[PDB]
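See structure below.
Note that ligands are numbered from 1 as they come in the structure, with each ligand's atoms numbered from 1 the same way. No hydrogens, no waters, no symmetry mates; every other heavy atom, side chains included, goes into these values. Sequence lines set the chain letters: A, B, ... in the order given, protein chains first and strands last, and positions in each chain run from 1.
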Amino acid sequence: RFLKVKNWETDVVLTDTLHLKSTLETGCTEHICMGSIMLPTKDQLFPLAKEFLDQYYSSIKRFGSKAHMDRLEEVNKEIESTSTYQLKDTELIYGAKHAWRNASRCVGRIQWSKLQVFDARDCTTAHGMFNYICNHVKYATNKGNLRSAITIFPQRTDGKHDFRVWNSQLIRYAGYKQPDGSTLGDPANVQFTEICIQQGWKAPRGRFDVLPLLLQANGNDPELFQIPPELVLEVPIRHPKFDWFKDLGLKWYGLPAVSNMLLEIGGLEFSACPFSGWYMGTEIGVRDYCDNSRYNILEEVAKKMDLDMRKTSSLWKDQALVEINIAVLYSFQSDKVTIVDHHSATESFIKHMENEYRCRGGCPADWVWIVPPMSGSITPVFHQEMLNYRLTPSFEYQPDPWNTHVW
Amino acid sequence: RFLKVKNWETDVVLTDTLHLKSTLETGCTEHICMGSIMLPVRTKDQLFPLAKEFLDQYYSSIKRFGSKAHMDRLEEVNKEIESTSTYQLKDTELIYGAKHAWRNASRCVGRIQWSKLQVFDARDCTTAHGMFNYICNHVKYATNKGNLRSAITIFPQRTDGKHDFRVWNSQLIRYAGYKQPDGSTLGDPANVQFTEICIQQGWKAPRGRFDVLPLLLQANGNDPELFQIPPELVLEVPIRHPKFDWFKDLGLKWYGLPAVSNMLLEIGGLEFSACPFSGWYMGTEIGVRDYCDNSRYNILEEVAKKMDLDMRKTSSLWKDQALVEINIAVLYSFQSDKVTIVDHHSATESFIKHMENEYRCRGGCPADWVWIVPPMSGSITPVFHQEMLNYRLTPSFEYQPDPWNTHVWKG
Ligand code: HEM
Ligand code: HEM
Ligand SMILES: N=C(Nc1cccc(CCNCc2cccc(NC(=N)c3cccs3)c2)c1)c1cccs1
Ligand SMILES: N=C(Nc1cccc(CCNCc2cccc(NC(=N)c3cccs3)c2)c1)c1cccs1
Ligand SMILES: C[C@H](O)[C@H](O)[C@H]1CNc2nc(N)[nH]c(=O)c2N1
Ligand SMILES: C[C@H](O)[C@H](O)[C@H]1CNc2nc(N)[nH]c(=O)c2N1
Ligand SMILES: [Zn+2]
């Protein structure tokens with residue numbers, strides 16, 4: 001009930017109390033740990049609303065004030081009448097910031113309080129959504145000096161009137177299968193790519209074709225929009241010592257911006273809530289480029305480096321992996337687009353944990369996700385015990401819209 | 001109830017039913033996951049269920065479940081418990097037990113090898129000089145001049161908890177740690193405390209950077225005694241790099257035989273508190289953890305100086321570069337000297353095949369992702385992409401408190 005976590009590299013020990021305020025369930029039992037699985041009414045709403053407003057009014061130091069009780073009754077009347085309610089702007093900003101704060105898989109929550117919240121609850125059409133999204137991209141990109149932001153569309157109602165961005169991120173590259181047999185472009189996006197082609201997109205069929213946005217307002221069929229190319233900031237990938245690196249032809253976009261998650265605040269569901277911050281270097285260098293089912297380029301890079309590829313024990317995969325990642329970092333820095341390296345990001349996150357343990361009484365953290373996908377044990381997060389638990393407000397996964405939507 | 005796990009790189013889906021035979025507790029609840037937490041006499045009452053359950057397992061695996069010989073063994077253990085309070089394992093059931101404990105070890109990436117385990121029975125042993133002899137034979141047999149063989153030696157089980165056999169060292173072979181008065185460390189930082197116990201107990205410390213610690217051995221609950229392993233029995237490998245000629249001048253070496261001596265083997269309710277087992281090393285255990293943790297030899301800086309990397313910003317990835325070079329160096333030294341070692345690409349790929357085989361034949365494979373994934377190059381090894389179900393089966397290996405915090409001194 002009072003829990004201790006230990007850093008085995010420094011012997012720092014923190015006590016967790018925050019976990020007792022956990023609501024949702026983990027997947028785990030006393031019999032089976034599931035910590036490595038990727039995805040494990042009027043009556044219903046009022047509790048959820050009350051829990052949220054209680055923490056809201058406590059955070060501004062008005063717990064048990066008139067204004068607190070009064071809001072609680074006003075929302076109570078709203079629900080009992082309309083079977084739903086609206087968040088105030090202030091509560092919306094707080095809900096959003098805290099959803100990020102409670103994101104146990106997010107290594108960059110040291111930034112949680114500097115989030116620009118754009119309220120788009122007045123939106124009615126895909127065109128409207130396209131407009132908010134472009135202002136979001138422009139704002140967050142900031143000519144390379146990236147800034148955290150989320151844009152929030154209208155909340156779920158009956159459930160047939162949902163706003164969704166079909167894309168997984170605002171900015172991704174297309175995926176094409178070939179007669180040849182293999183995949184041109186990002187193999188991760190082949191299915192979405194055909195939904196765009198099958199919706200009307202004329203695909204340039206290149207390796208790095210930015211995808212069009214597929215936007216759905218009010219449960220309607222989604223519509224295509226190309227993001228003004230002048231708004232998509234991209235970085236050519238070169239190496240600070242390998243002259244031939246640039247001839248591999250690699251580029252990546254500067255703005256990571258997740259668009260397929262569902263934001264839950266005080267029982268209310270915001271099914272379109274694209275958010276953006278900036279990249280940890282390994283996300284691109286390790287995962288996007290080197291995953292066997294992504295751009296999968298290790299084999300081709302190791303060749304240029306002329307390493308011994310006849311035996312795994314030469315560690316050629318590892319040698320090539322480092323250089324690829326050196327080059328991502330170097331490129332972004334040289335072009336002055338915000339990026340963070342895994343050493344810096346994890347060091348930051350440990351400082352954040354230490355703040356949250358003393359400010360809040362804990363920090364939910366998912367070790368499987370927090371530890372970078374390269375050089376794990378030489379970053380401090382590796383040695384840090386973490387407690388994973390689910391707090392609200394939260395971001396949550398949700399079914400791909402194309403499995404659900406009806407035409 | 002059935003449970004699927006998915007590999008995200010191959011989309012292979014596997015179904016687990018084995019977890020249904022799980023009895024021990026995970027540390028997690030429906031409300032909290034403790035997956036990255038480092039650490040997780042019996043009455044007659046608690047004892048016979050544990051015995052019966054273990055011997056049903058044994059007799060099924062030999063296709064004799066329900067047999068005359070299975071029943072007679074049940075009744076015999078039944079009566080032996082209820083009269084002598086405990087019972088003794090047959091050799092075959094001890095062999096089978098020790099192999100299963102390894103097979104059920106969810107944090108072990110090496111389990112493709114589980115069925116190949118030399119078991120030495122030292123349950124007739126009575127004294128520390130007796131333990132020393134058993135341990136020497138084990139070290140000699142497992143070393144096999146560099147062609148490492150897995151083995152475990154099993155000393156008498158716990159009885160009243162007052163007459164415990166323990167090996168006080170955490171591994172049979174390991175380097176001294178010496179805290180200096182300026183606050184720096186000589187040798188290996190993780191062994192400072194154990195090293196001081198040795199000094200106190202009579203050990204004359206050579207006080208170098210790679211001094212093999214003596215064995216500290218407790219028999220039958222008596223005070224531990226000191227024994228030096230014959231150096232001819234201690235295979236060591238000097239560390240060099242195939243292309244870096246200055247690498248040898250760093251003065252590193254490591255031992256070839258990893259042999260864990262502080263765990264408790266539990267079989268059918270019985271507690272074997274001294275049970276050293278040994279295999280061989282995955283390269284990253286030495287190159288990443290032993291040499292590059294901040295709390296161990298910590299050579300990253302010195303290697304990075306020698307490679308003349310940019311060290312002013314972490315974003316140069318100078319740490320990551322040095323770490324790869326050290327790791328190539330470790331694998332290179334061992335292979336050149338014909339000492340068995342396995343790299344982490346090869347070990348994790350073997351583990352994935354083993355885990356699939358285990359889902360087919362056994363209905364599952366408990367596995368701990370936090371431990372299975374190597375401490376370098378995580379996502380380019382296929383285990384990173386493998387969802388895994390962690391749960392506890394017996395027989396099993398378990399942690400136990402260090403003996404110096406529990407031992408009652410006689411004088
Ligand atoms: C400031 C820049 C940021 C950095 C460097 C950062 C870092 C990361 C990284 C590396 C991951 C794992 C991604 C993956 O492996 O797929 C992640 C997960 C997450 N982040 Fe952050 N983040 C940042 C800003 C934010 C913001 C502004 C939000 C929300 C407002 C956020 C919410 C999340 C969520 C919900 C996840 C987990 C998604 C999932 O479960 O699949 N991130 N973050
Ligand atoms: C054949 C050579 C072997 C290799 C390459 C291998 C590999 C490993 C590695 C790399 C670890 C993680 C250790 C750490 O990070 O400290 C481990 C854990 C483990 N292995 Fe294996 N292993 C092998 C043989 C065995 C044998 C013969 C047994 C028992 C008979 C065994 C039982 C375990 C147990 C109980 C753990 C967990 C340690 C803990 O919880 O602290 N290993 N093994
Ligand atoms: N299907 C796959 N992976 C898969 C399947 C489902 C979900 C996810 C998680 C990816 N999430 C995108 C994401 C989410 C949150 C943060 C980021 N990264 C960022 N830096 C930010 C995005 C927005 C603000 S910061 C990326 C990955 C695989 C392909 C190849 C091997 S596995
Ligand atoms: N006390 C520490 N760590 C710690 C605390 C508790 C347990 C363990 C795990 C150490 N295990 C050693 C081990 C265990 C099992 C297998 C191996 N490796 C092998 N290849 C084999 C050994 C024997 C057969 S195979 C090593 C590590 C720390 C010191 C500095 C920072 S953390
Ligand atoms: C199966 C396993 O849970 C899966 O590979 C996870 C591991 N850790 C991860 N960590 C991060 N940050 N992102 C990921 O996509 C994953 N994938
Ligand atoms: C806190 C965390 O659980 C701890 O550092 C673990 C992480 N994973 C590990 N994995 C292995 N194989 N060995 C270890 O010592 C550790 N340490
Ligand atoms: Zn768990």
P375(B) touching ligand 2 at heavy-atom level, < 4.0 angstrom: no
Element-labelled atoms of ligand 5 that are located less than 4.0 Å from some non-hydrogen atom of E387(B): 1 (C)
Aromatic ring proximity, centroids under 6.0 angstrom, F334(B) and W280(B): no
Ionic contact status for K4(A) with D16(A), cut-off 4.0 Å: no
Shortest protein heavy-atom distance from atom 4 (C) of ligand 2, along with the residue and atom involved: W280(B) O, 3.4 Å
Those atoms of ligand 5 less than 4.0 Å from some heavy atom in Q386(B): 1 (C)
Residue part near ligand 5, for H385(B), under 4.0 Å between non-hydrogen atoms: backbone
Ring centroid separation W102(B) to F277(B) under 6.0 Å: no
Protein residue, atom and distance nearest to atom 34 (C) of ligand 2, heavy-atom basis: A105(B) CB, 4.0 Å
Ring-ring centroid check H138(B) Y134(B), cutoff 6.0 Å: no
Under-4.0 Å salt bridge between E25(B) and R392(B): yes
Protein heavy-atom partner closest to atom 7 (C) of ligand 5 - residue, atom, separation in Å: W369(B) CZ2, 3.5 Å
Protein contact to atom 38 (C) of ligand 2 [nearest heavy atom, distance to 0.1 Å]: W371(B) CZ3, 4.0 Å
Atom 15 (O) of ligand 5: the protein heavy-atom neighbour that sits closest, reported with distance to 0.1 Å: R287(A) NH1, 3.3 Å
Opening angle between SG in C28(B) and SG in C33(A), taken at the Zn ion (ligand 7), to 10 degrees: 110°
Nearest non-hydrogen protein atom, atom 12 (N) of ligand 5: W369(A) O, 3.0 Å
Pairwise side-chain contact, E9(A) with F382(A), heavy-atom cut-off 4.5 Å (strictly under): no
Minimum-distance protein heavy atom relative to atom 4 (C) of ligand 5: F384(B) O, 3.6 Å
Pairing of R123(B) and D91(B) as salt bridge, 4.0 angstrom limit: yes
Nearest-contact summary for atom 24 (C) of ligand 2 - protein heavy atom, Å: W102(B) CZ2, 3.5 Å
Parallel, tilted or perpendicular, as decided by the 30° and 60° cut-offs, for the rings of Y297(B) and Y175(B): perpendicular
Region of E285(B) that comes within reach of ligand 2 [heavy atoms, distance under 4.0 Å]: side chain
Minimum-distance protein heavy atom relative to atom 17 (N) of ligand 5: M38(A) CE, 3.7 Å
Side chain, backbone, both or neither: the part of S278(B) lying under 4.0 Å from ligand 2 by heavy atom: backbone
Main-chain N/O of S379(B) paired to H385(B) side chain as donor or acceptor, under 3.5 Å: yes
Over 12 foreign heavy atoms within 6.0 Å of CD, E236(B): yes
Nearest neighbour in protein (non-hydrogen) for atom 8 (N) of ligand 5: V368(A) O, 3.0 Å
Which residue and heavy atom of the protein sit nearest atom 43 (N) of ligand 2, plus the separation: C108(B) SG, 3.5 Å
Test item: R296(B) side-chain N/O and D293(B) main-chain N/O as donor-acceptor pair under 3.5 Å: no
Identity and separation of the nearest protein heavy atom to atom 28 (C) of ligand 2: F277(B) CD1, 3.4 Å
N or O pair under 3.5 Å between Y399(B) and ligand 2: yes
Identity and separation of the nearest protein heavy atom to atom 37 (C) of ligand 2: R107(B) CB, 4.0 Å
Nearest-neighbour protein heavy atom for atom 3 (O) of ligand 5, which is reported as residue plus atom name and distance: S36(A) O, 2.5 Å
Ring centre gap for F397(B) and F272(B) strictly below 6.0 Å: no
Donor-acceptor pair, side chain of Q384(A) and main chain of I350(A), under 3.5 angstrom: no
Sub-4.0 Å heavy-atom approach of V109(B) to ligand 2: yes
Parallel, tilted or perpendicular, as decided by the 30° and 60° cut-offs, for the rings of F165(B) and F155(B): parallel
